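Notes follow once the structure below has been shown.
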DNA sequence: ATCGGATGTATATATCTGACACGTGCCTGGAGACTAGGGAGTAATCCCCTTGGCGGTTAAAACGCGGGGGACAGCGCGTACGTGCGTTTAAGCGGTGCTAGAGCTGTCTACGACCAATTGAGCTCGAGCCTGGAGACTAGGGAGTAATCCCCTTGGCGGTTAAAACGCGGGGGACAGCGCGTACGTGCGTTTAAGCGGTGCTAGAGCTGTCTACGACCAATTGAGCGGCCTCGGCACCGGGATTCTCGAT
DNA sequence: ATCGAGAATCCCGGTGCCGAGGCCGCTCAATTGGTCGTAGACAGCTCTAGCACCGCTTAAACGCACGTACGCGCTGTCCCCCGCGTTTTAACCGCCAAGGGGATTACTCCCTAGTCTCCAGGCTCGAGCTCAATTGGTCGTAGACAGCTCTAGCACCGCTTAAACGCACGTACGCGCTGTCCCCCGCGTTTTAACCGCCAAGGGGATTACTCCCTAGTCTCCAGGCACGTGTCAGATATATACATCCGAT
């Protein structure tokens, strides 16, 4: 058996739009946060909830960005998102 | 082609303008500046020609001296580039600020 | 017990900026004034208040000069005043 | 170690609208965030209003105008109704 | 040997009825009044000279005040001088 | 329309010190500015001197002291020499 | 208490104190903390009403962040008010662009 | 009746007039000039004494001293400008440490 | 004339008149305008001497403001006396800080 | 070191799925990482600034909340 | 209007060159303009004051000279 | 006699001037500066004294010198 | 009155915006957009005006509305 | 300014009436509104143009405006 | 570093124009005598007082000595900022020519500073009270510092499901071709907008003043949430239903 | 476009349970509250600019047709890139010890906000005196008119130097890093400058007899400030060597 390209993708969309769990792995994200913070001030510590706050903010940001990116892809009569879609979305947002 | 290194032409310009005495700001735009400023104190003022020229001599002498002190402040900070903080230090020590 | 370098310096700054008393000793200043005066005019005497006037003026001058000197040191990203700081301050003052 | 929050008041309101409904700790945290956020917006706008008009006092008038500036449409109308009713009842 | 001491003291009593003043501070106030007197009178003198006038009038004083005093000090001083001259004239 | 200046005297001095040298109008204007400026400084200081000492007369003594106050070093000494010589010659 | 006098559940006294110490103005009128408390209470009530509704639609008796997000984003005016706000653990509204469907 | 009283002043109109006449400022002096000048001097004196009195009261002193005059003057932008090149004996300086020098 | 009596080129009579009408003092001694005129003449002579020198160094026979500026600024005591004075069309002394050179 | 690579391809895919994305170019993933890193940097910078102002060595949830608020990305739930 | 902008970047550069300056930060020019304007304002204010005292409508060279003198910037050549 | 203006005195003056750290070479430099200042003022003061045909320098002599050097002093009139 | 914001005006605005070619349907769309933006700003401006108990909208009323948006 | 003064003013007064009766306007208030509106429209047309070009067109269309406004959060 | 070469500056140059300083002469106002007078300034002539002098005490300020940390100063490595470059345009400058306030000088008249006693009270100093403030002083707070405690980390050890990776093959992107259609320059009728005038007039703006608003302050109090106890319900899990895409066919 | 199997995923019903959700209480700790009264602060008060509204003008700008080509939409292909099957691993992560940091525990040290004792420092009626109100005719300065010229301003029209605007880079400064040296800090000693105290007189501040020297008013003369015609040194302009200095090369 084999599902056609797109069927499982759509299924995944429904699945992940139904739920609320964080989609990035906890520990690797934590390492990311600590590395970046350490390049501003050495020997910093973190409250647990601070890292969790950062992850919620980051994932919400990326999900919204992917919504706008998707709209840009569809605008160009594509179904595939590409870097130029991201760049357009962010240019119009005033991030770039 | 040919291109002088950064600084060579600058130094040449220093020698050139320290050799001469001509006013370095354009006459007519300076005149407009003087009249605008004066008009915000009293309307419909006129000016003797030599009054505007006097103002220009005074202004340029003032700015040149200020740039001398500013330059000294830049060099003091082991820089060769003058920056706003150099001007501000020079004027603070002069008692202008 | 030993305060770290700078703590007592700051304490002294607050102390002496808080007060107004003359900071140079009376007798050596007077001695200096009479010495300097002698090279201008013979047989001079001084009113007491004249010497006090000279001292108030001198100390005010030095304190102000040290303010400008300090600004020059800080300009060069230092916290230590050096002769070149004084010399820059005096050159810009027109001294 | 004493930390104040709006939790008990949020809970009382919850029991008013949905008598048999509870709320998770995380959700309560979001509600507390909400109340503090709106507090800041309204108080800040009122402060600006009083300043613009050279008044040293923030009154219910500044609060109301701030509410009208900050809230959308019917939400603004309903909020104004609640505040006005509350102030007139308090005055009596 | 003249000074402004009694007048300074009267003014002091006007603005701070229960406040006194040390001898040194009074000396500084006297120095101050003499200084500002000299500045204003001197500028007024030059004003009169520049304009080939032999009389220093209140107008010269006023212009001198406008030249010598900054901003609000100048405006308030001009107001007081004008008021005083108006009260005096009648 | 009669306007007095120090131009002819400056020129006579110029011919004394540099017989074959001329001077531009602008430069002469700077010299006139110079003479008037120094006149003002010296006369003003002398006025102050006479006042300080409760004298109603400005004499050559006040001029001389003013010169010593206003001029640097050797310039002061030389100027004093010229003034003194001139006054003693005048007196005779 | 002033809350009881105003017919409110939210704390008028506390709101008054927060206004006093938040450096918003030199003086604060007697009606201001009452009005503010009333508004905060009302808005709390609207969000809790809608969130409760969502919770029951999902056959849940306890409100979780998801219900708050559903309530807010499905309401035009609340969505407007909280347009630049992130609800932690809220997720997003189910929505697939029509062109993407088979 | 005195001229100061007629002018509503505390400062001496007559004395100011005489000082103008004898200061070699001009050949003549108008009647209003010493009134105006006396009024200006009194105003400035009042402003300085007002602030200095305040500083004295903060220091819980009943007498104004040179320190209070210096504090009053240097902490006021326009007075400080007016007296920019003036030294107040026994005045000291304003407390002021550059931020970079602090821990 | 008093200038001739004093051996001067500068005008003693005129200086006397200017002293009388400048309101410097009620009375003016006979020697005062002579002394003043002599000093003004001398200083004029020193500046003109140095300026003439500069003019010839520049192979010019006519003194211009530039020569006055060179004369004044290159002389320590004149530079001191005229420390707060602007010479119109004078320019500045050639001077480049050593650290700026290649 | 190199922890941005911990933001994996399947994680980015999941985020995109929640964002409603059905198909994804191969170049998206690296692009996403760059974008995320910039975002994170900006937030954390401000957060750390607050931490430093408070003379603390521990970044708190409130530090992050304040950073986000002042960057126009108000976050609820962590007060 | 806006005539301070007539004090151009190359003009300010020339003035700095006469002042012995070899290198110039981009922010200098605007800074210079502000400084110049203040200076000019102060001189012209006093000058106009003299003009007004003399009951004239024409600012003279002497008005300017007097303003400069009383501001401790004596100017030679315009008497 | 210039060495009578001691290092700790100069330090106190610098502290009032807001200075936190001081190079060892400052003190001698300061002394030179002080001497110049004093010389100039005193030179003028004595000139006034001599004009008044006095042998005693008065407070006013000093005040006038300071004034004419643009360093007006209040308190000694 | 919205039709008073003419086609050539909208074209000029688009040219400043760098637009080279323009669909016929843009103009009406633009008008709707403009109206919304104006209503929003003006709604706030007047609110400020009313708080100040004035009947005249001032430049500052508008500036505050714009700032808060 | 690229919009005509009088029709813009007329529009502003019309819209304002539906919020508050009896209003007057400072001249500079109407000019402020016009500067703000024009600036907004020009910026929106910039973004719209970017959307058109994204779709390999050179002609702006309503859907371009709508995409721009959706992404702006309008 | 030094030496060439290679252009590119700078610099005397000799020639011609030129305008501008200058020497001539020309009236007028300001100087120089010039006398007479009166008051600013001397030169004894004192009291006396302020300032050098000293002279002994001593108590703290200054000095020298030694010790450390931390500021200075290389020293380097990066990135990005200002520069040197050419090109384009735009506005300054010179020209030319009209102007219309306004300087400017003179005119005539009149306020009005002044000198001159003249009275006189404001000032000023004295000798004899009567207090804030200066210092000597305390009671508490400052922070500077560890100190142990707890937390956050680090690690370690699994096991493991996802991740990495691949295999494969199918389907969008996009492109080009062509249809194809609509703003748009364009040209001309249009029409009302902005300018230009204008008058009467409404609320905004500045203003005056009493009042009711609210910090405010322990005096009084009552509920709230950290802690803890207790309780179920949704969540993980296990097994049947549904439905359900995807091959099995048109 | 339309069932049908079925095996797959997902859903649906039931189970047991365990930690989150609910509930009090302890007390302390987060609330009001009566009276104060000055107070901003809001309500009554005018004048107005400027504001509303009007009463023309035409002309920049507004609308309406024409073709039309640029711009976009619609299909077929290619591939190749990504989506969905199996297979392997490795960091994730549960998850269970350990340690340094930091904060906050107390945990110690010198500075700090007030507490009283004893004045020296200002307040007070009495006794002068000299500097300030009160007029009268005075010039006489100046204020107000008034004509006349000058010149500051406007303003049109070239053009050309200069001012602006990218761009390739190449230093040049801003930050990191380290050795260090060299200046803060304190402490043990010593001067030696206060502190107090006494005397001598030198000088200075005031006093007067007088005097000469500097003002006032006059006469005339001329030196000299203003025009005016002139060589001449200054500037312009091509023209000319001699540096002056940046790519190759020791």
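Per Swiss-Prot, chain I residues shown: 17-118, in order.
So this one's electron microscopy, 5.2 Å, going by the header.
Cβ coordinates are placed from backbone N, Cα and C, and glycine is handled just like the others.
What Swiss-Prot records for I:37, I:75, I:76, I:96 is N6-(2-hydroxyisobutyryl)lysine. Here Swiss-Prot flags I:37, I:96 as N6-(beta-hydroxybutyryl)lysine, drawing on experimental evidence. Per Swiss-Prot, the feature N6-crotonyllysine maps to I:37; the stated evidence is experimental evidence. If you look up Swiss-Prot, you'll see I:96 marked as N6-succinyllysine, on the strength of experimental evidence. Residues or ranges marked as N6-glutaryllysine in Swiss-Prot: I:96. The feature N5-methylglutamine is assigned by Swiss-Prot to I:105.
Ranked by CA distance from residue I:96 (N6-succinyllysine), the modified residues I:37, I:75, I:76, I:105 have I:105 at the top as the closest. When secondary structure is read from DSSP and collapsed to three states, residue I:37 (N6-(2-hydroxyisobutyryl)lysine) falls in the helix class. If you draw a 10 Å sphere around the CB of the residue listed as 'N5-methylglutamine', it holds 22 other CB atoms from the protein chains shown. Ranked by Cα separation from the residue listed as 'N5-methylglutamine', the modified residues I:37, I:75, I:76 are led by I:76. Most Cβ neighbours within 10 Å, among the modified residues I:37, I:75, I:76, I:96: I:76 holds that distinction in the structure as shown. Cα-Cα distance from residue I:75 (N6-(2-hydroxyisobutyryl)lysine) to residue I:37 (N6-(2-hydroxyisobutyryl)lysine): 43 Å (rounded to the nearest whole number).
Counting only the Cα atoms, the space from residue I:76 (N6-(2-hydroxyisobutyryl)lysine) to residue I:37 (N6-(2-hydroxyisobutyryl)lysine) is about 40 angstrom. When secondary structure is read from DSSP and collapsed to three states, the residue listed as 'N5-methylglutamine' falls in the coil class.
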